[PDB]
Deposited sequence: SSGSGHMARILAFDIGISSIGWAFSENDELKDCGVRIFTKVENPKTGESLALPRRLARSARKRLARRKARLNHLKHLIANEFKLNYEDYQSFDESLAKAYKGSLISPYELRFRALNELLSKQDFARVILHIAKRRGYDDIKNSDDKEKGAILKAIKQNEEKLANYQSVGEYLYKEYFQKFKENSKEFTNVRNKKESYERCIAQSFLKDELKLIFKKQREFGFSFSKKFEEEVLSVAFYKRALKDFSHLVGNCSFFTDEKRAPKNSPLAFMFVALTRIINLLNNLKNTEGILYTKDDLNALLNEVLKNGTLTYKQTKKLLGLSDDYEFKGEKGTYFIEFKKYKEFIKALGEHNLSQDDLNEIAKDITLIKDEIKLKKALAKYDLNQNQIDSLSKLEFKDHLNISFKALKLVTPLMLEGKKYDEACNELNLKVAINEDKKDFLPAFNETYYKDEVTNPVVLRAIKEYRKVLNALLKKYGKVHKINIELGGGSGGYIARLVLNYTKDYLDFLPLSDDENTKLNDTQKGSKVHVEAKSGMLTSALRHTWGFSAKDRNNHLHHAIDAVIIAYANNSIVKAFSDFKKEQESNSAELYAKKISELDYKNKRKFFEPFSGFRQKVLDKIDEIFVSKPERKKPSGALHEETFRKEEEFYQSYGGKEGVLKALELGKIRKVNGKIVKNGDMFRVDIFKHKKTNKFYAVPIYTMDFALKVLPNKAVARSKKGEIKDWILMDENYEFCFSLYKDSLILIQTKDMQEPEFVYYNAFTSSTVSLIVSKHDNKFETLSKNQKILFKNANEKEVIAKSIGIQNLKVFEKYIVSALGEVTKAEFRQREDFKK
C-alpha cells in the first residue's frame, strides 16, 4: 500500500491521478468551465438598479414638495400611459432658458418647478476630494475655469452651448454629453450654488416660499447616502477567531505597532552589530513616538548612535498620521471602542449617535466625527490587551506570546472526507468566486476518489495562481485524515519540476491541444506505454449547467420594425411574442437571454423527436413552455407544435449534458456533450468529450465531419429523425451512467 493521489489544479480543469504500490490505478480530467470576474456583471446591474431607483424616489420627493408648496397637481409630473407628463406638454421653453431668466426676472411657479427638477435629475459629479486625473476630473476643472465668467451653470450652458451653432455649421452643438465624451461634466457643488442663487434672486423678484421649502428642496435634491455598514466584512483575530480584528487607528494598535518596530530594530542591531540596548533606550524611542505619532530615522540614530544605514528606506521609522488628529479631537476600552466606531461608521450622523453614548461633550463628538480612519491589524483588542503589557517591558512579540501561551488557531479534528471550504477558517480569506469554484471542484473530485478507493497515504498538488495551490495544500493538511506512514501527507510539487520531468518522460508534446494533458501532468505528479493506455481510457468529465438564473433578455432595446422582414410584419411580431421568440419589457422589444434548458419529447407513434426551448425569462415568469419548435419559411413564423398527449417527455437537456446520439448517416451511436439547441433549424451543437482530434474513429468522423486540431465540434444536427437520442450522466470522475427517467420539472408560482 503506497497510495498516492495527485492533482493538477487549473483555473478551469482538475486533472487527477491515483497510484498504489507505484502502479497507476485510475485517471481523469474534470473540466468545470471554458471569464475571470463572475460576480462583476451582477454587481454592475445591481448598482445601476439602485442608483436609478433612488433617483426616481428623490425626484418623486421633489415633485411632492413642489405639488404641496406651489399648489400644483402631482400626477401632472408623472407619465400617463407611456405618454409625456401633462406639465411638459405643448410648446416648451427649455430649462436652460428658464435657468437664465431666473437671474433677471420672476419665474412662474410652473417654470420654477421644471427648473428644480432639471437641476435635480442630473446634479453633477460630487467632487469630494477637491494622482493622474481621468477624463471626468479634467472636464470638471476645465468647466470650472470657464464658469467664473458667468453667474450660474445654467447661464453658462444656455449662452455657450444651448442651440448654438458649431463652427461653419447648420447644426446645433450639444449641451448634454455625447458619444463617450465627458466634456460637459460640472461638479455638483456648482449646481447646488446655482439652485441656491436661483432661490435668492427669485426672492428679490417677489417669489415667496414657505419657511422650510428651500431647506427641504436643497437637502432632498442633494442627499447622498454614506457607505453601507460593512463591519461583517472585517476579518477575525488569528488568535481569538470569535473576535474582530483591531482597527489600525486605535491607541492599543498605535502602541503595538510602535513597540513592534522599535523592539525588532533594537534586536536587529544586536544580531548584526552586537549592541545590547537598555529598556530605557526603548522608552526613549517610544516617548518620541507618543509625543507626535512620529519618529524620524535621524532621531533614532541620534538617540543611540551614529548616522548609520539599517535595512531601511524613507524618512520615518514610525508614521501615524492619524495619531495627532485623534489626540487633538479628544477608560482605555472607550478609546479603543471609539476608534472602532470611527473606522466603521462612515455615516457621520450615525457616528455622532454612537459617540454620544460615551461621556464626551458636543465639541468632542463633532471633532471626533470628522476623522477618517481605515484599515485593521490581524489581531484583536482582546489579544492586544494581553501582549502589549509584556512588550512594554521590552519583550519581543514571540516571547510575549509564549509567556501567555497564545497559539494560532489550527484545526484539530480531521475527517475522512474533506469538509466544505466554507466551513474552515480559510474561508474569510477568499472572496473571489473563481478561486472558490476551483476549490469546490478540487473537493468534489477528491471526495469522489476517497468514496471510491478509500483512505490514502499522500496527496500531491502542483504549485505553479501559485498561492491557490499553497491554499489548497493547507486546506487539505489541516482538515483531511490519512492512513499512517509508519508506527507529512500533503506535498507540493514544483511547477518547474513538472515541465522538466514532462520532457524527461517524453510527454512534452503528447496532448497539448486537448483536455487530456491535465491528466498526464497529474500522473507525473503521482510519480510509459502503460500510462498512455490509462490516458486513452479517460472520459473527460463536465458538469451540466442547470442554473436557471441570468440575464432575462438582451440589453439592447429594439424597435419592432426591425423584425418585420424576418417575422412577417406586425402580425408576425405578435406571433413571435406569443411563442417566446422575443420579449417585450417596459414596452421595449428585446431578444431572449440564455436558453438554459431544452425539453425533448418523442411522438408516441412516429418516434420523431421534438424540442421545447426554455429561456431565463420563462423561469422568471414561472410558466413552463409547452410548444415544440417547428421550422418556418424565410419571412414567416410557422405554428409551433403543442406537446399534448400524443407526445412523450423524454428528458431535459442543459449545457454540457451528456447524450448518446446516432444520425441516419452513422452506423453506431456516439457519446457527445450537448452544447446548444438552434431553434431556427431545430438542431443540436455537440462536442467530443476530450476535444481530441487525432484519435477520431470512422464513425466519429462522420459526425464530426468538420473537426480540426483546435476543436472537435459538430453543428446543425437535426433532432427530428435521430436514430438514437438518449441522456446519460457523468460523475465527477468521468463514469458514464444511463439517465433513469425523471418526470418533467415544473416551475412553481
- Deposited residues without C-alpha coordinates, grouped into stretches that follow sequence order: 1-6, 41-46, 143-145, 346-353, 488-490, 514-527, 568-613
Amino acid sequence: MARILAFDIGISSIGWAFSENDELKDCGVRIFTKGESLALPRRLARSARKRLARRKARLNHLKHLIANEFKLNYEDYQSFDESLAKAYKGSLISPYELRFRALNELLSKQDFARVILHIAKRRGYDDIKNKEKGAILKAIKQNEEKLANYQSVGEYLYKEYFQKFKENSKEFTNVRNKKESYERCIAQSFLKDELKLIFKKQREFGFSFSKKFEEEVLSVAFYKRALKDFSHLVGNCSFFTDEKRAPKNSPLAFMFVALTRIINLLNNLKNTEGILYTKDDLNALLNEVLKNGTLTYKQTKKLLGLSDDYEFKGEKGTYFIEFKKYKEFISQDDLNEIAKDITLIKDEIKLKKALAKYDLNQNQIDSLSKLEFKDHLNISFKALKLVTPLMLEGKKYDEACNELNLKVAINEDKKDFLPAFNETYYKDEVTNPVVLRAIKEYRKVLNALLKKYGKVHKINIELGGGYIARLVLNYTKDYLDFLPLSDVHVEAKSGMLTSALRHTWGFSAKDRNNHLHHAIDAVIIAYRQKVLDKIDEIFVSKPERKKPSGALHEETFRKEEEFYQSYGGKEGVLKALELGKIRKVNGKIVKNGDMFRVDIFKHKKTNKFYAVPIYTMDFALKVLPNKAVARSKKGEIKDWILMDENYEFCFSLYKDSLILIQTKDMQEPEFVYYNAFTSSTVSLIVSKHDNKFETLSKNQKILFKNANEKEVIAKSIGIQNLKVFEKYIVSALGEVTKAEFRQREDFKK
From here on, numbers count along this sequence of modelled residues.
- Message: If you take the mean CA temperature factor per stretch, which one wins between 575-583 and 503-511?
- Response: 503-511
- Between 651-659 and 451-459, which has the larger average Cα B-factor in the PDB entry? 451-459
- In this PDB entry, which of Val217, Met617, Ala85, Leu106 has the top CA B-factor? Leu106
- The residue of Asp599, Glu636, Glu441, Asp334 with the maximal C-alpha B-factor according to the PDB record is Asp334
- Query: Taking the entry's C-alpha B-factors for this chain, is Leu24 in the lowest, middle or highest third?
  - Reply: highest
- Ranked by Cα temperature factor within the chain, is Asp690 in the lowest third, the middle third or the highest third? lowest
- Task: Just say lowest, middle or highest third for the CA B-factor of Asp533 relative to the other modelled residues in its chain.
- Result: highest
- Note on the structure: By the entry's values, the third containing the CA B factor of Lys340 is the middle
- Would you please rank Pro389 by its C-alpha temperature factor against the other modelled residues of its chain and give the third it falls in: lowest, middle or highest? highest
